[PDB]
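Mapping of the sequence shown onto this note's numbering: position 125 corresponds to residue 118, and the numbering continues sequentially without gaps. Idealized CB from N, CA, C, for every residue including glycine.
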Amino acid sequence: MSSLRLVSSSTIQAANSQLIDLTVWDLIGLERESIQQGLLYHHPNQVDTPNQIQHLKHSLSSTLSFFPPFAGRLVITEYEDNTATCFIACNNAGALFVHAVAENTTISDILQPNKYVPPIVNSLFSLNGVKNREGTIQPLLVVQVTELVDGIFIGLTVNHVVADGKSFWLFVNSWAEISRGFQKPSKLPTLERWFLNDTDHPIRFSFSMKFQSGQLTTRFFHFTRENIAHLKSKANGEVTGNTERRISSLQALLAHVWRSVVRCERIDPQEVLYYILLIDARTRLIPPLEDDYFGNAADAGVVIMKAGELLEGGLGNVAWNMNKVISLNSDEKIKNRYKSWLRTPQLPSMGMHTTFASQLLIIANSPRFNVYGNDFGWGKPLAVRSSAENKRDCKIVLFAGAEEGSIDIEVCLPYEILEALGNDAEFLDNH
Ligand SMILES: CC(C)(O)[C@H]1CC[C@](C)([C@H]2[C@H](O)C[C@@]3(C)[C@@H]4C[C@H](O[C@@H]5O[C@H](CO)[C@@H](O)[C@H](O)[C@H]5O)[C@H]5C(C)(C)[C@@H](O[C@@H]6OC[C@@H](O)[C@H](O)[C@H]6O)CC[C@@]56C[C@@]46CC[C@]23C)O1
């Protein structure tokens, strides 16, 4: 029968102290979860596995020289007036490398296609359930490499106060480059983080003070470039006054997914619905941040619509509203939101009490991030998976698909809704 065991855990320091102040975007995650995403590889031929594991360890240490935050620790100071400060010490305490073996477990055991994510996937990551504020002691980066019968899985656990999704995949891209033989990564990080005024740091903040919580399931759906292009043309074709085809491919897809979920759940048309986009500030500040600004740089944009209007008003109207919410995340709004946060620096609560699955839907990650170029020397990955640790939030996570211009979405919802989506011919997914 199949089994899973850890064979070794090793501290990995940078191959070759500095302090980093954290801004509002970074602090907001202190009480929340890590980023856990990983890559599946098939080994067509035999591989010298001990040498492969050693090569991943040494290239990881080399990459860490260029990303010192991932080898450091958080420093939190708690004060008597119920406030706190936090920063990153690049003290080279080290990341963690975990070597696991999944005896008699295969690629296809992990990647049940058109099926739900199997429970084994969650055990391909280490430090599940650890909040980002525990980075004062816990490594900010854990890599778990799990040997399979016909390949390996490379699963990263990354502290979400240090990095967002963009910065996560910057590190993965650069590590694969170093592993392939590059001497430097092709994109170097910008480590200095953004504050409206140099006097703002260290920010003194306060900690603290769901429908089907603990019972959600996770399933992938694949969207071809053609089906996406169909959705974009339809959405722009429905909103003509005042358009030169400004609704984007992703806006139309997300509008379609929103409509499909709500249609499958069958809810009262008077329900108010909240759709949570994460809008990058890097390109929207004036002056803009560096493209490879390393840290968090995104703010929620909340799309609010009645269920009746969402469905009866047509795809283009939903996508146009999302477009407009995105367009309101201007340089003015970003800086004023920052300033009012400094005036009431409380870390958020996870929000309202939800009574159905479509009520509050969070949209995470991006199809812009480079998933399939992560060749460490043995070929491109077959797939990307997350830990699927989250069983509380109704959530859609966006991934680049294997074929050019396609998108995989990882959907966390009640089981019967995922079943309805898989049986819905209006859901334009494939395979
Ligand atoms: C009246 C309105 C306008 O309809 C109201 C009704 C209520 C709501 C629906 C809005 C609130 O208004 C504000 C709101 C968005 C919350 C506060 C957070 O949002 C941040 O709030 C702070 C202020 O506290 C702002 O300064 C930031 O700009 C903003 O982004 C966010 C994040 C950043 C933690 C977000 O995190 C991702 O989790 C998943 C990971 O996979 C990702 O990687 C990671 O990012 C999860 C959702 C979540 C918890 C919630 C939930 C929804 C809320 C509760 O809208």
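- For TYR109, the beta-bridge partners assigned by DSSP are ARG212.
- Contact fails between the segment 221 to 233 and the segment 375 to 394, because fewer than three Cβ pairs, one in each stretch, are under 8 Å apart.
- When DSSP states are grouped into helix, strand and coil, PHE161 belongs to the helix group.
- With respect to the C-alpha of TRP371, the residue from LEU104, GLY144 and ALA293 having the closest C-alpha is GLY144.
- A contact between stretches requires three or more CB pairs, one per stretch, nearer than 8 Å, and the segment 300 to 318 meets this requirement with the segment 258 to 266.
- Counting only the Cα atoms, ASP417 lies some 45 Å from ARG186.
- Excluding its 5 nearest sequence neighbours in each direction, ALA357 has C-beta neighbours in its own chain below 6 Å: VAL390, listed in chain order.
- As a beta-bridge residue in DSSP terms, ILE145 pairs with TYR34 and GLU140.
- In the DSSP assignment, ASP292 forms a beta bridge with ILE272.
- Sequence-distant partners of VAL68 (beyond 5 residues in either direction) whose C-beta falls short of 6 Å from its own C-beta, in its chain, are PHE80 and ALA82.
- When distances are taken from the beta-carbon of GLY344 to the heavy atoms of ligand 1, the shortest one is below 6 Å.
- Two segments are said to touch when three or more pairs of C-beta atoms, one from each, lie closer than 8 Å; by this definition the segment 40 to 55 does not touch the segment 316 to 336.
- In this structure, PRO407 has its CB at a distance of at least 6 Å from all heavy atoms of ligand 1.
- Three or more beta-carbon pairs separated by less than 8 Å are not found between the segment 135 to 150 and the segment 7 to 21, which leaves the two stretches without contact.
- Taking the Cβ of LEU149 as the reference point, every heavy atom of ligand 1 lies at 6 Å or farther away.
- Taking 7 Å as the cut-off, the Cβ atoms of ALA93 and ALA64 do not count as close.
- Shown here, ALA82 sits in a strand according to DSSP, grouped into three states.
- With 16 or more other CB atoms across the displayed protein chains lying within 10 angstroms of its CB, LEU32 is buried.
- If you look at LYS317, you'll find it in the alpha helix (DSSP H) that goes 308 to 320.
- With a cutoff of 6 Å, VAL136 does not count as near ligand 1, since its C-beta is closer than that to no heavy atom of the ligand.
- Going by C-alpha positions, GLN137 is about 20 Å away from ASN363.
- With a threshold of 16 other beta carbon atoms within 10 Å, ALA222 falls short and is exposed.
- Distance between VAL404 and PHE161, taken at the CA atoms: about 20 Å.
- Cβ-Cβ distances below 7 Å link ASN75 to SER199 in the same chain, with the five nearest sequence neighbours on each side left out; the list follows chain order.
- Of all alpha-carbon atoms in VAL114, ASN289, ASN97 and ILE5, the one lying nearest the alpha-carbon of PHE90 is that of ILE5.
- Residue environment for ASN316: buried (at least 16 other C-beta atoms within 10 angstroms of its C-beta).
- Taken atom to atom, the span from the alpha-carbon of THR129 to that of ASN152 is near 11 Å.
- When the alpha-carbon of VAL123 is set against those of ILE272, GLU71, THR150 and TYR408, the nearest one is in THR150.
- Ligand 1 has no heavy atom closer than 6 Å to the beta-carbon of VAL154.
- If you draw a straight line from the Cα of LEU184 to the Cα of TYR286, it comes to about 6 Å.
- The closest heavy atom of ligand 1 lies 6 Å or more from the beta carbon of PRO43.
- In this chain, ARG385 is not harboured by any beta strand (DSSP E), its DSSP state being neither H nor E.
- The continuous alpha helix (DSSP H) containing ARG218 extends over residues 218 to 231.
- For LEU353, the uninterrupted beta strand (DSSP E) segment begins and ends at 353 to 358.
- Annotation for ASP191: no residue places its beta carbon closer than 6 Å to its own, counting only its chain and skipping 5 residues before and after.
- Closest by C-alpha distance to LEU133, out of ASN115, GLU26 and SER206, is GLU26.
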